[PDB]
$ cat final-v3.tsv   # TSV, C-alpha atoms
chain	number	residue	atom	x	y	z
A	1	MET	CA	82.40	85.59	61.65
A	2	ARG	CA	85.98	84.44	61.07
A	3	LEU	CA	87.74	87.50	62.48
A	4	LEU	CA	85.45	87.62	65.53
A	5	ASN	CA	86.55	84.06	66.44
A	6	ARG	CA	90.31	84.26	65.91
A	7	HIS	CA	91.13	83.58	69.58
A	8	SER	CA	89.95	80.86	71.97
A	9	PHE	CA	90.00	81.49	75.72
A	10	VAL	CA	88.52	80.14	78.96
A	11	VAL	CA	85.93	82.01	81.03
A	12	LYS	CA	85.15	81.39	84.71
A	13	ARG	CA	81.54	82.32	85.46
A	14	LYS	CA	80.22	82.09	89.01
A	15	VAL	CA	76.98	80.39	87.97
A	16	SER	CA	75.39	80.68	91.41
A	17	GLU	CA	74.44	84.20	92.49
A	18	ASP	CA	74.01	83.43	96.20
A	19	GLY	CA	76.79	85.60	97.61
A	20	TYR	CA	75.91	87.03	101.01
A	21	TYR	CA	77.29	88.73	104.11
A	22	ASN	CA	78.24	86.56	107.09
A	23	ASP	CA	76.87	86.97	110.60
A	24	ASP	CA	80.21	88.69	111.29
A	25	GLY	CA	79.92	91.11	108.35
A	26	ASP	CA	82.55	89.58	106.06
A	27	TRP	CA	81.85	89.05	102.37
A	28	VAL	CA	81.38	85.51	101.05
A	29	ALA	CA	81.61	85.10	97.29
A	30	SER	CA	79.19	82.90	95.37
A	31	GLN	CA	80.22	79.28	95.75
A	32	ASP	CA	79.55	77.42	92.48
A	33	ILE	CA	82.26	78.36	90.01
A	34	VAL	CA	82.02	76.89	86.50
A	35	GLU	CA	84.50	76.92	83.62
A	36	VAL	CA	83.45	77.50	80.01
A	37	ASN	CA	85.06	77.73	76.57
A	38	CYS	CA	84.49	80.85	74.47
A	39	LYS	CA	85.81	82.45	71.28
A	40	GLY	CA	86.45	86.08	70.49
A	41	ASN	CA	89.16	88.57	69.60
A	42	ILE	CA	91.60	90.36	71.92
A	43	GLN	CA	93.51	93.55	71.08
A	44	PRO	CA	95.34	96.22	73.08
A	45	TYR	CA	93.23	99.17	74.20
A	46	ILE	CA	94.73	102.47	73.02
A	47	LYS	CA	93.02	105.46	74.64
A	48	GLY	CA	94.13	108.30	76.89
A	49	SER	CA	96.25	107.25	79.86
A	50	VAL	CA	95.45	103.55	79.46
A	51	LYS	CA	98.44	101.36	80.36
A	52	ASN	CA	99.17	98.26	78.29
A	53	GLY	CA	101.95	96.11	79.73
A	54	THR	CA	103.36	99.21	81.41
A	55	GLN	CA	106.07	98.69	84.01
A	56	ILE	CA	105.42	100.78	87.13
A	57	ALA	CA	108.23	101.77	89.50
A	58	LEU	CA	107.33	102.02	93.19
A	59	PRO	CA	109.22	102.20	96.49
A	60	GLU	CA	107.96	98.66	97.17
A	61	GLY	CA	109.37	97.26	93.91
A	62	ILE	CA	107.95	96.81	90.41
A	63	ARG	CA	104.43	96.14	89.12
A	64	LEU	CA	102.94	95.31	85.73
A	65	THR	CA	99.54	96.61	84.63
A	66	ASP	CA	97.75	95.55	81.45
A	67	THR	CA	94.31	96.01	79.92
A	68	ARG	CA	92.69	94.90	76.67
A	69	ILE	CA	89.51	95.14	74.60
A	70	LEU	CA	87.55	92.02	73.66
A	71	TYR	CA	85.11	91.56	70.78
A	72	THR	CA	82.83	88.53	71.04
A	73	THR	CA	79.28	87.32	70.53
A	74	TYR	CA	79.14	85.74	74.00
A	75	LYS	CA	77.24	87.71	76.66
A	76	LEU	CA	79.64	88.20	79.55
A	77	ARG	CA	78.44	90.23	82.53
A	78	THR	CA	80.13	92.59	84.97
A	79	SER	CA	79.23	93.19	88.63
A	80	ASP	CA	75.74	94.54	89.29
A	81	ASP	CA	74.43	95.52	92.72
A	82	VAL	CA	70.75	95.68	91.67
A	83	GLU	CA	70.76	92.26	89.98
A	84	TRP	CA	73.14	90.97	92.69
A	85	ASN	CA	75.66	89.10	90.57
A	86	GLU	CA	79.45	89.20	90.25
A	87	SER	CA	81.65	89.74	87.21
A	88	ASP	CA	83.22	87.10	84.98
A	89	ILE	CA	86.90	86.20	84.57
A	90	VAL	CA	88.84	85.71	81.33
A	91	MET	CA	92.07	83.70	81.22
A	92	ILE	CA	94.71	85.32	78.99
A	93	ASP	CA	98.29	84.02	78.99
A	94	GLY	CA	97.47	82.06	82.15
A	95	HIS	CA	96.52	85.15	84.18
A	96	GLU	CA	93.11	86.42	85.24
A	97	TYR	CA	91.39	89.37	83.55
A	98	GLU	CA	88.32	90.81	85.28
A	99	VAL	CA	85.57	92.29	83.10
A	100	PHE	CA	85.13	95.94	84.11
A	101	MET	CA	83.19	97.55	81.24
A	102	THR	CA	80.60	96.48	78.69
A	103	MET	CA	79.06	97.98	75.56
A	104	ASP	CA	75.81	96.52	74.21
A	105	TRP	CA	75.75	96.52	70.41
A	106	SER	CA	73.49	93.45	70.21
A	107	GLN	CA	70.15	93.47	68.39
A	108	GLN	CA	71.46	96.28	66.18
A	109	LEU	CA	72.03	94.47	62.88
A	110	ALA	CA	71.77	90.92	61.59
A	111	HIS	CA	75.34	89.83	60.84
A	112	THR	CA	77.29	92.38	62.93
A	113	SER	CA	75.69	92.27	66.39
A	114	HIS	CA	78.33	91.73	69.07
A	115	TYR	CA	79.65	92.96	72.42
A	116	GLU	CA	82.70	94.92	73.57
A	117	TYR	CA	84.41	94.56	76.95
A	118	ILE	CA	87.37	96.18	78.70
A	119	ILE	CA	89.24	93.60	80.79
A	120	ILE	CA	91.90	94.57	83.35
A	121	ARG	CA	94.62	92.24	84.61
A	122	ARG	CA	93.95	91.31	88.23
A	123	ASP	CA	96.54	92.54	90.74
A	124	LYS	CA	98.64	90.15	92.81
A	125	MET	CA	97.56	89.63	96.42
A	126	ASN	CA	97.44	86.88	99.03
A	127	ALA	CA	94.33	84.80	99.62
A	128	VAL	CA	92.02	84.71	102.64
A	129	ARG	CA	88.71	82.91	103.21
A	130	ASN	CA	85.76	83.83	105.42
A	131	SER	CA	83.28	81.08	104.46
A	132	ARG	CA	80.65	80.37	107.12
B	1	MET	CA	109.15	91.92	55.86
B	2	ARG	CA	111.73	94.33	54.44
B	3	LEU	CA	110.58	97.46	56.27
B	4	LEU	CA	110.22	95.60	59.58
B	5	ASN	CA	113.92	94.62	59.38
B	6	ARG	CA	115.53	97.91	58.31
B	7	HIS	CA	117.59	98.24	61.52
B	8	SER	CA	119.89	95.80	63.31
B	9	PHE	CA	120.53	96.18	67.03
B	10	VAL	CA	121.83	94.22	70.03
B	11	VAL	CA	119.61	93.03	72.89
B	12	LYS	CA	120.81	92.05	76.37
B	13	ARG	CA	118.45	89.50	77.90
B	14	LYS	CA	119.01	88.27	81.45
B	15	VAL	CA	118.42	84.62	80.55
B	16	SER	CA	118.40	83.44	84.16
B	17	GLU	CA	115.40	84.52	86.23
B	18	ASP	CA	116.91	83.75	89.64
B	19	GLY	CA	117.00	87.27	91.09
B	20	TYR	CA	116.41	87.29	94.83
B	21	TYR	CA	116.66	89.37	98.00
B	22	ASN	CA	119.78	89.02	100.14
B	23	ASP	CA	119.81	88.09	103.82
B	24	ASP	CA	120.33	91.84	104.37
B	25	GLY	CA	117.35	92.88	102.21
B	26	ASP	CA	119.24	94.28	99.22
B	27	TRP	CA	118.21	93.39	95.68
B	28	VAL	CA	120.44	91.10	93.61
B	29	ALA	CA	119.76	91.07	89.88
B	30	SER	CA	119.73	87.85	87.89
B	31	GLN	CA	123.29	86.77	87.18
B	32	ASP	CA	123.47	85.21	83.70
B	33	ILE	CA	123.36	88.00	81.13
B	34	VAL	CA	123.38	87.00	77.45
B	35	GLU	CA	123.76	89.11	74.31
B	36	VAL	CA	121.68	88.52	71.18
B	37	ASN	CA	121.29	89.99	67.70
B	38	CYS	CA	117.86	91.18	66.57
B	39	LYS	CA	116.29	93.14	63.72
B	40	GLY	CA	113.45	95.63	63.76
B	41	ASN	CA	112.56	99.25	63.10
B	42	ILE	CA	113.05	102.27	65.37
B	43	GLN	CA	111.20	105.58	65.06
B	44	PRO	CA	110.58	108.57	67.34
B	45	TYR	CA	107.46	108.37	69.50
B	46	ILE	CA	105.21	111.40	68.95
B	47	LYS	CA	102.41	111.55	71.53
B	48	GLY	CA	101.36	114.02	74.21
B	49	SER	CA	104.17	115.26	76.44
B	50	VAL	CA	106.63	112.60	75.26
B	51	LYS	CA	110.19	113.95	75.09
B	52	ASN	CA	112.45	112.91	72.21
B	53	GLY	CA	116.03	114.11	72.60
B	54	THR	CA	114.75	116.96	74.75
B	55	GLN	CA	117.32	118.98	76.67
B	56	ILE	CA	116.24	119.55	80.28
B	57	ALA	CA	117.58	122.45	82.34
B	58	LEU	CA	118.02	121.83	86.06
B	59	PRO	CA	119.82	123.54	88.96
B	60	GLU	CA	122.24	120.58	88.92
B	61	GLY	CA	123.12	121.01	85.24
B	62	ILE	CA	121.71	119.57	82.00
B	63	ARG	CA	120.07	116.24	81.18
B	64	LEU	CA	118.97	114.53	77.97
B	65	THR	CA	115.86	112.35	77.80
B	66	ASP	CA	114.85	110.26	74.79
B	67	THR	CA	112.27	107.60	73.99
B	68	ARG	CA	111.36	105.63	70.87
B	69	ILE	CA	108.93	103.07	69.47
B	70	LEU	CA	110.17	99.74	68.10
B	71	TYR	CA	108.43	97.43	65.63
B	72	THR	CA	109.79	93.88	65.49
B	73	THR	CA	108.80	90.23	65.27
B	74	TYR	CA	111.04	89.28	68.21
B	75	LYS	CA	109.28	88.73	71.54
B	76	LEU	CA	110.96	91.03	74.04
B	77	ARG	CA	109.61	91.10	77.59
B	78	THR	CA	109.29	93.80	80.24
B	79	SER	CA	109.44	93.37	84.03
B	80	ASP	CA	106.77	91.14	85.56
B	81	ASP	CA	106.33	90.57	89.29
B	82	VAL	CA	104.01	87.55	88.92
B	83	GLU	CA	106.27	85.72	86.45
B	84	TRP	CA	109.33	87.04	88.33
B	85	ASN	CA	111.50	88.17	85.42
B	86	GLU	CA	113.25	91.42	84.54
B	87	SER	CA	113.03	93.56	81.42
B	88	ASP	CA	115.30	93.47	78.38
B	89	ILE	CA	117.78	96.10	77.16
B	90	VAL	CA	118.20	97.47	73.63
B	91	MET	CA	121.44	99.13	72.51
B	92	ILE	CA	120.81	102.21	70.36
B	93	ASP	CA	123.69	104.55	69.45
B	94	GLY	CA	125.79	102.81	72.11
B	95	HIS	CA	123.42	103.67	74.98
B	96	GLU	CA	120.97	101.47	76.86
B	97	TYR	CA	117.21	101.59	76.26
B	98	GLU	CA	115.00	99.77	78.77
B	99	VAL	CA	111.75	98.23	77.50
B	100	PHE	CA	108.89	99.81	79.46
B	101	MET	CA	105.74	99.03	77.43
B	102	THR	CA	104.52	96.27	75.15
B	103	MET	CA	101.59	95.77	72.78
B	104	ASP	CA	100.71	92.24	71.65
B	105	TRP	CA	99.55	92.17	68.03
B	106	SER	CA	100.81	88.62	67.44
B	107	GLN	CA	98.55	85.81	66.24
B	108	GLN	CA	96.29	88.41	64.63
B	109	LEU	CA	97.06	87.92	60.93
B	110	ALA	CA	99.41	85.80	58.85
B	111	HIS	CA	101.88	88.23	57.29
B	112	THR	CA	101.44	91.25	59.60
B	113	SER	CA	101.74	89.84	63.14
B	114	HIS	CA	104.33	91.79	65.14
B	115	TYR	CA	105.01	93.57	68.43
B	116	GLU	CA	105.33	97.20	69.52
B	117	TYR	CA	107.50	98.45	72.39
B	118	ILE	CA	108.23	101.82	73.98
B	119	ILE	CA	111.88	102.03	75.03
B	120	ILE	CA	113.22	104.80	77.29
B	121	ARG	CA	116.86	105.85	77.48
B	122	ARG	CA	118.35	104.80	80.81
B	123	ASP	CA	119.43	107.65	83.08
B	124	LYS	CA	123.04	108.14	84.12
B	125	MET	CA	123.99	106.96	87.62
B	126	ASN	CA	126.92	105.40	89.44
B	127	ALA	CA	127.19	101.65	89.98
B	128	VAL	CA	126.98	99.66	93.21
B	129	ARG	CA	126.92	95.91	93.84
B	130	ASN	CA	125.33	93.91	96.65
B	131	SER	CA	126.00	90.34	95.45
B	132	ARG	CA	126.02	87.75	98.23
C	1	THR	CA	117.86	53.06	135.32
C	2	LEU	CA	114.67	51.63	133.82
C	3	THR	CA	114.52	48.22	132.17
C	4	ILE	CA	112.81	47.51	128.86
C	5	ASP	CA	109.83	45.94	130.64
C	6	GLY	CA	109.33	49.00	132.82
C	7	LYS	CA	109.61	51.26	129.78
C	8	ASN	CA	106.92	49.27	127.97
C	9	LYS	CA	104.71	49.29	131.08
C	10	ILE	CA	105.13	53.08	131.06
C	11	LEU	CA	104.53	53.98	127.41
C	12	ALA	CA	101.29	51.99	127.18
C	13	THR	CA	99.51	54.58	129.36
C	14	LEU	CA	100.56	57.73	127.47
C	15	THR	CA	97.67	57.34	124.99
C	16	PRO	CA	98.16	60.34	122.68
C	17	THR	CA	95.08	60.78	120.53
C	18	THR	CA	95.28	64.03	118.52
C	19	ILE	CA	97.79	66.42	116.97
C	20	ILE	CA	97.72	70.20	116.48
C	21	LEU	CA	100.08	72.48	114.55
C	22	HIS	CA	101.50	75.80	115.72
C	23	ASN	CA	103.62	78.52	114.13
C	24	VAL	CA	105.33	79.69	117.34
C	25	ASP	CA	107.25	77.26	119.56
C	26	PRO	CA	104.60	75.69	121.85
C	27	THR	CA	107.10	74.43	124.44
C	28	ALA	CA	106.48	77.35	126.83
C	29	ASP	CA	102.71	77.58	126.24
C	30	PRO	CA	100.80	75.02	124.10
C	31	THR	CA	97.42	76.76	124.45
C	32	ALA	CA	98.37	79.65	122.16
C	33	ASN	CA	99.27	80.12	118.49
C	34	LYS	CA	97.10	77.27	117.20
C	35	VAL	CA	96.83	77.23	113.41
C	36	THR	CA	94.81	74.10	112.52
C	37	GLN	CA	91.97	72.10	114.01
C	38	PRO	CA	92.77	68.95	116.01
C	39	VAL	CA	93.11	65.75	113.98
C	40	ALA	CA	93.07	62.11	115.03
C	41	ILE	CA	96.22	59.99	115.31
C	42	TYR	CA	96.82	56.38	116.35
C	43	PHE	CA	99.79	54.52	117.84
C	44	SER	CA	100.88	50.93	118.32
C	45	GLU	CA	101.68	49.22	121.60
C	46	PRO	CA	105.17	49.86	122.99
C	47	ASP	CA	108.24	47.78	122.25
C	48	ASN	CA	111.89	48.46	123.08
C	49	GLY	CA	110.54	51.52	124.86
C	50	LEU	CA	109.17	53.01	121.64
C	51	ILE	CA	105.78	53.68	120.06
C	52	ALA	CA	105.13	54.60	116.44
C	53	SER	CA	102.15	55.91	114.50
C	54	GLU	CA	100.06	53.30	112.70
C	55	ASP	CA	99.27	55.35	109.57
C	56	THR	CA	99.65	58.71	107.87
C	57	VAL	CA	97.62	61.72	109.00
C	58	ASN	CA	96.48	64.35	106.48
C	59	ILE	CA	96.14	67.84	107.99
C	60	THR	CA	94.44	70.71	106.18
C	61	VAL	CA	96.10	74.11	106.62
C	62	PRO	CA	94.30	77.40	105.89
C	63	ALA	CA	95.51	79.79	103.22
C	64	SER	CA	98.30	82.25	104.04
C	65	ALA	CA	99.19	80.37	107.24
C	66	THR	CA	102.53	78.97	108.40
C	67	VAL	CA	103.41	75.86	110.40
C	68	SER	CA	106.66	75.28	112.29
C	69	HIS	CA	105.87	73.02	115.28
C	70	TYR	CA	103.42	70.38	116.49
C	71	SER	CA	101.89	69.05	119.71
C	72	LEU	CA	100.10	65.91	120.88
C	73	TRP	CA	97.05	65.91	123.16
C	74	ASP	CA	95.45	63.21	125.28
C	75	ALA	CA	91.86	61.97	125.31
C	76	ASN	CA	91.43	64.55	128.10
C	77	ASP	CA	92.83	67.73	126.51
C	78	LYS	CA	96.34	67.76	127.98
C	79	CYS	CA	99.54	68.45	126.05
C	80	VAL	CA	102.08	65.65	126.48
C	81	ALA	CA	104.61	66.13	123.66
C	82	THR	CA	106.03	68.95	121.55
C	83	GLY	CA	108.54	69.22	118.73
C	84	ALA	CA	109.62	71.06	115.62
C	85	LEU	CA	108.91	70.29	111.98
C	86	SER	CA	111.62	69.59	109.42
C	87	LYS	CA	111.02	72.95	107.69
C	88	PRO	CA	108.99	76.07	108.37
C	89	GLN	CA	106.33	75.73	105.68
C	90	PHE	CA	104.27	78.61	104.27
C	91	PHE	CA	101.04	77.78	102.43
C	92	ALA	CA	100.18	80.23	99.66
C	93	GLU	CA	96.78	78.53	99.40
C	94	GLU	CA	94.92	75.79	101.25
C	95	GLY	CA	96.69	72.45	101.03
C	96	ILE	CA	97.46	69.20	102.80
C	97	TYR	CA	100.48	68.70	105.05
C	98	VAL	CA	101.25	64.98	105.24
C	99	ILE	CA	102.52	63.42	108.47
C	100	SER	CA	104.49	60.35	107.41
C	101	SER	CA	105.08	59.03	110.94
C	102	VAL	CA	106.00	60.03	114.48
C	103	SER	CA	107.39	58.12	117.46
C	104	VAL	CA	108.21	58.73	121.13
C	105	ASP	CA	111.37	57.34	122.70
C	106	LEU	CA	112.51	56.54	126.23
C	107	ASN	CA	115.98	55.31	125.21
$ encode --input "final-v3.tsv" --output "structure tokens"
Amino acid sequence: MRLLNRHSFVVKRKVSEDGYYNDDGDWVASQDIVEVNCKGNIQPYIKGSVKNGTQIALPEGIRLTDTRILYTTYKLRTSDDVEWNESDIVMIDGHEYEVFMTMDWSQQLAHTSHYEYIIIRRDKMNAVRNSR
Amino acid sequence: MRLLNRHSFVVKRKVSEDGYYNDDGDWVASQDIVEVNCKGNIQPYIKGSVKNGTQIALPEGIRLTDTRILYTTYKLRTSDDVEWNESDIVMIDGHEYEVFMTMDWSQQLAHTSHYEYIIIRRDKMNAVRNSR
Amino acid sequence: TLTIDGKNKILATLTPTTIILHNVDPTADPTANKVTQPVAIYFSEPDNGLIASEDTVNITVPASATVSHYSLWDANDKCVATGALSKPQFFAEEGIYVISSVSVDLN
């Protein structure tokens, strides 16, 4: 419906699910990454000690943590060790948001079936590769 | 709208975002500070252990802590380590109030898109400069 | 004092063939502090006691690594030249460092 499609964002799904552990023990993420276009709705998540755009003071400097809730009809998936697949990524404001939680309301009713996700801004860190 | 613009206050934005670390390791804040005039609405923030105008008794004497919530259509920003910019300042009653939290409700609806911020009164301390 | 002809007779036998990049100064020990895999490089025949590279060389640097010096190696794994880069360059992510040209002088 109209309100469920107010926002348009990009989603990076690792289509391949062939991640494995090297002969040295390091983790190697699935190789084939694919970009997609999706539509949904993004709002701040107000609950308990959740931190939306909260500035954090540390001895090392300053951080910024954010988290949101997303309503959409697209089936995004989080990490699953039994099915052996990794989570998706959602691009908001040019930054990455990793899908951490999911709530399956699909197949409940005709016109109001949807999904809910809690997406957390990814922390800043340097990059390293282990590919075999 | 009328109720969103009941109050008029001054905002100090550090327009330049060229803060850096000296050759000695000290922090040097961004140089170009600019004053602006904005309009919004300020109310006390009632939630949990939040302290509005609460007197605090300490062995060293007495303190006063205050915090408020601000509704406005102006896009104020908090500190961000990835984008490398500092937070804004809001002058209330002649004292400084640093923006610590933000909630993005913009682009949601036509006539009711706005922003929410939690601003905390800055503590009293002496001044020191490290400028190179 | 060498003449131009002797200089040209000399430089023709140097035959550098590859280039490697280091982060620590390799003058004292070129075997250590390697940062990138060897890459091919080509030179022209000497003139005026000088040889210059014949084309650009694209070197791939791994993520989070730094490069500050270089070194040239023969067809038989011996270091014959060392030097410093224009800037110490830090790569946030994998990229290409472009070698515009390099020459060796006897003047």
$ calpha_fit_and_write --input "final-v3.tsv" --fixed "chain B" --moving "chain A" --output "mmCIF file with C-alpha atoms, keeping the file's coordinate frame"
data_model
loop_
_atom_site.group_PDB
_atom_site.id
_atom_site.type_symbol
_atom_site.label_atom_id
_atom_site.label_comp_id
_atom_site.auth_asym_id
_atom_site.auth_seq_id
_atom_site.Cartn_x
_atom_site.Cartn_y
_atom_site.Cartn_z
ATOM 1 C CA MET A 1 109.145 91.926 55.857
ATOM 2 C CA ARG A 2 111.727 94.334 54.438
ATOM 3 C CA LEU A 3 110.577 97.461 56.268
ATOM 4 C CA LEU A 4 110.221 95.597 59.578
ATOM 5 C CA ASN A 5 113.925 94.623 59.377
ATOM 6 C CA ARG A 6 115.525 97.905 58.315
ATOM 7 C CA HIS A 7 117.586 98.241 61.515
ATOM 8 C CA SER A 8 119.891 95.793 63.305
ATOM 9 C CA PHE A 9 120.526 96.180 67.034
ATOM 10 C CA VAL A 10 121.826 94.214 70.027
ATOM 11 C CA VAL A 11 119.612 93.031 72.889
ATOM 12 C CA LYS A 12 120.812 92.047 76.372
ATOM 13 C CA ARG A 13 118.443 89.497 77.903
ATOM 14 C CA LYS A 14 119.013 88.266 81.446
ATOM 15 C CA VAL A 15 118.421 84.617 80.549
ATOM 16 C CA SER A 16 118.401 83.436 84.162
ATOM 17 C CA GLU A 17 115.399 84.520 86.229
ATOM 18 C CA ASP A 18 116.907 83.752 89.646
ATOM 19 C CA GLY A 19 116.995 87.264 91.088
ATOM 20 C CA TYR A 20 116.406 87.293 94.834
ATOM 21 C CA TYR A 21 116.664 89.375 97.997
ATOM 22 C CA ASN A 22 119.787 89.022 100.144
ATOM 23 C CA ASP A 23 119.804 88.091 103.818
ATOM 24 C CA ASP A 24 120.327 91.834 104.370
ATOM 25 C CA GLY A 25 117.350 92.878 102.218
ATOM 26 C CA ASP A 26 119.244 94.277 99.224
ATOM 27 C CA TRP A 27 118.214 93.394 95.682
ATOM 28 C CA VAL A 28 120.436 91.100 93.610
ATOM 29 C CA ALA A 29 119.763 91.068 89.881
ATOM 30 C CA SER A 30 119.730 87.842 87.886
ATOM 31 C CA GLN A 31 123.289 86.776 87.175
ATOM 32 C CA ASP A 32 123.473 85.208 83.695
ATOM 33 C CA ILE A 33 123.361 87.995 81.136
ATOM 34 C CA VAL A 34 123.378 86.999 77.456
ATOM 35 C CA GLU A 35 123.761 89.104 74.315
ATOM 36 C CA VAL A 36 121.681 88.520 71.184
ATOM 37 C CA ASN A 37 121.291 89.996 67.698
ATOM 38 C CA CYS A 38 117.858 91.180 66.568
ATOM 39 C CA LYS A 39 116.290 93.145 63.712
ATOM 40 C CA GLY A 40 113.452 95.627 63.765
ATOM 41 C CA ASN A 41 112.562 99.247 63.104
ATOM 42 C CA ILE A 42 113.055 102.271 65.374
ATOM 43 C CA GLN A 43 111.206 105.590 65.064
ATOM 44 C CA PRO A 44 110.582 108.569 67.348
ATOM 45 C CA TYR A 45 107.460 108.367 69.497
ATOM 46 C CA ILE A 46 105.211 111.398 68.957
ATOM 47 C CA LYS A 47 102.410 111.557 71.529
ATOM 48 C CA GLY A 48 101.356 114.019 74.210
ATOM 49 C CA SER A 49 104.171 115.254 76.440
ATOM 50 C CA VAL A 50 106.628 112.597 75.259
ATOM 51 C CA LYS A 51 110.189 113.953 75.087
ATOM 52 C CA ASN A 52 112.445 112.906 72.216
ATOM 53 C CA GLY A 53 116.027 114.107 72.603
ATOM 54 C CA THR A 54 114.747 116.960 74.757
ATOM 55 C CA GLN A 55 117.324 118.976 76.672
ATOM 56 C CA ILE A 56 116.237 119.552 80.279
ATOM 57 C CA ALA A 57 117.579 122.460 82.336
ATOM 58 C CA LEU A 58 118.018 121.841 86.066
ATOM 59 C CA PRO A 59 119.821 123.541 88.957
ATOM 60 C CA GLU A 60 122.237 120.583 88.921
ATOM 61 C CA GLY A 61 123.113 121.018 85.231
ATOM 62 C CA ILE A 62 121.708 119.571 82.006
ATOM 63 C CA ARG A 63 120.068 116.237 81.174
ATOM 64 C CA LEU A 64 118.966 114.527 77.970
ATOM 65 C CA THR A 65 115.854 112.348 77.794
ATOM 66 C CA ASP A 66 114.848 110.263 74.781
ATOM 67 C CA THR A 67 112.265 107.600 73.991
ATOM 68 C CA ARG A 68 111.365 105.631 70.871
ATOM 69 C CA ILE A 69 108.931 103.069 69.468
ATOM 70 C CA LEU A 70 110.167 99.742 68.104
ATOM 71 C CA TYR A 71 108.435 97.429 65.633
ATOM 72 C CA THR A 72 109.793 93.882 65.488
ATOM 73 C CA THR A 73 108.805 90.234 65.270
ATOM 74 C CA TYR A 74 111.043 89.277 68.209
ATOM 75 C CA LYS A 75 109.277 88.732 71.548
ATOM 76 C CA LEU A 76 110.968 91.027 74.043
ATOM 77 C CA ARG A 77 109.607 91.106 77.590
ATOM 78 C CA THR A 78 109.293 93.801 80.238
ATOM 79 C CA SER A 79 109.441 93.369 84.027
ATOM 80 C CA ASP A 80 106.768 91.145 85.558
ATOM 81 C CA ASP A 81 106.331 90.570 89.289
ATOM 82 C CA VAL A 82 104.011 87.545 88.920
ATOM 83 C CA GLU A 83 106.271 85.719 86.448
ATOM 84 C CA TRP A 84 109.334 87.045 88.327
ATOM 85 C CA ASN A 85 111.496 88.169 85.429
ATOM 86 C CA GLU A 86 113.255 91.423 84.537
ATOM 87 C CA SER A 87 113.035 93.564 81.417
ATOM 88 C CA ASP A 88 115.301 93.473 78.373
ATOM 89 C CA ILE A 89 117.783 96.100 77.163
ATOM 90 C CA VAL A 90 118.202 97.470 73.634
ATOM 91 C CA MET A 91 121.439 99.122 72.505
ATOM 92 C CA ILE A 92 120.815 102.215 70.357
ATOM 93 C CA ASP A 93 123.691 104.543 69.454
ATOM 94 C CA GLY A 94 125.795 102.808 72.111
ATOM 95 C CA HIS A 95 123.423 103.663 74.977
ATOM 96 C CA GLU A 96 120.975 101.464 76.857
ATOM 97 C CA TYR A 97 117.213 101.587 76.261
ATOM 98 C CA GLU A 98 115.001 99.768 78.768
ATOM 99 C CA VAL A 99 111.754 98.232 77.501
ATOM 100 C CA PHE A 100 108.886 99.816 79.452
ATOM 101 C CA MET A 101 105.742 99.033 77.429
ATOM 102 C CA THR A 102 104.523 96.268 75.144
ATOM 103 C CA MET A 103 101.594 95.763 72.781
ATOM 104 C CA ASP A 104 100.710 92.234 71.650
ATOM 105 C CA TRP A 105 99.547 92.176 68.032
ATOM 106 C CA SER A 106 100.810 88.623 67.435
ATOM 107 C CA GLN A 107 98.547 85.809 66.241
ATOM 108 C CA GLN A 108 96.290 88.415 64.626
ATOM 109 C CA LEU A 109 97.057 87.921 60.930
ATOM 110 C CA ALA A 110 99.403 85.799 58.850
ATOM 111 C CA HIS A 111 101.881 88.230 57.285
ATOM 112 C CA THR A 112 101.442 91.246 59.606
ATOM 113 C CA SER A 113 101.746 89.842 63.139
ATOM 114 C CA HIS A 114 104.328 91.789 65.136
ATOM 115 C CA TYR A 115 105.008 93.569 68.429
ATOM 116 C CA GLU A 116 105.326 97.197 69.527
ATOM 117 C CA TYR A 117 107.497 98.455 72.387
ATOM 118 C CA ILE A 118 108.223 101.826 73.987
ATOM 119 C CA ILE A 119 111.881 102.029 75.034
ATOM 120 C CA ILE A 120 113.219 104.800 77.292
ATOM 121 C CA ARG A 121 116.863 105.854 77.472
ATOM 122 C CA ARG A 122 118.350 104.797 80.802
ATOM 123 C CA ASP A 123 119.428 107.648 83.089
ATOM 124 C CA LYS A 124 123.045 108.147 84.127
ATOM 125 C CA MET A 125 123.989 106.964 87.616
ATOM 126 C CA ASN A 126 126.925 105.396 89.437
ATOM 127 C CA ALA A 127 127.191 101.657 89.980
ATOM 128 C CA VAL A 128 126.985 99.663 93.212
ATOM 129 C CA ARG A 129 126.918 95.905 93.838
ATOM 130 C CA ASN A 130 125.329 93.910 96.654
ATOM 131 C CA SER A 131 125.996 90.341 95.447
ATOM 132 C CA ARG A 132 126.019 87.745 98.232
#
$ closest_atom_pairs --input "final-v3.tsv" --of "stretch 35-76 of chain C" --to "stretch 90-94 of chain C" --cutoff "10 Å" --atoms "only C-alpha atoms" --output "CSV"
residue,atom,partner,partner_atom,distance
C:60,CA,C:94,CA,7.1
C:61,CA,C:94,CA,5.7
C:62,CA,C:94,CA,5.0
C:63,CA,C:93,CA,4.2
C:64,CA,C:92,CA,5.2
C:65,CA,C:91,CA,5.8
C:66,CA,C:90,CA,4.5
C:67,CA,C:90,CA,6.8
C:68,CA,C:90,CA,9.0
$ residues_near_point --input "final-v3.tsv" --point "(109.5, 94.2, 54.9)" --cutoff "10 Å" --atoms "only C-alpha atoms" --output "ChimeraX atom specification"
/B:1-6,40,111-112
$ atom_distance --input "final-v3.tsv" --atom1 "atom CA of residue A:88" --atom2 "atom CA of residue A:11"
7.0 Å
$ closest_residue --input "final-v3.tsv" --among "A:58, A:41, A:48, A:10" --to "residue B:109" --atoms "all atoms listed in the file"
A:41
$ closest_atom_pairs --input "final-v3.tsv" --of "chain A" --to "chain C" --cutoff "10 Å" --atoms "all atoms listed in the file" --output "tab-separated table"
residue	atom	partner	partner_atom	distance
A:126	CA	C:64	CA	6.9
A:127	CA	C:63	CA	6.3
A:128	CA	C:63	CA	6.1
A:129	CA	C:63	CA	7.5
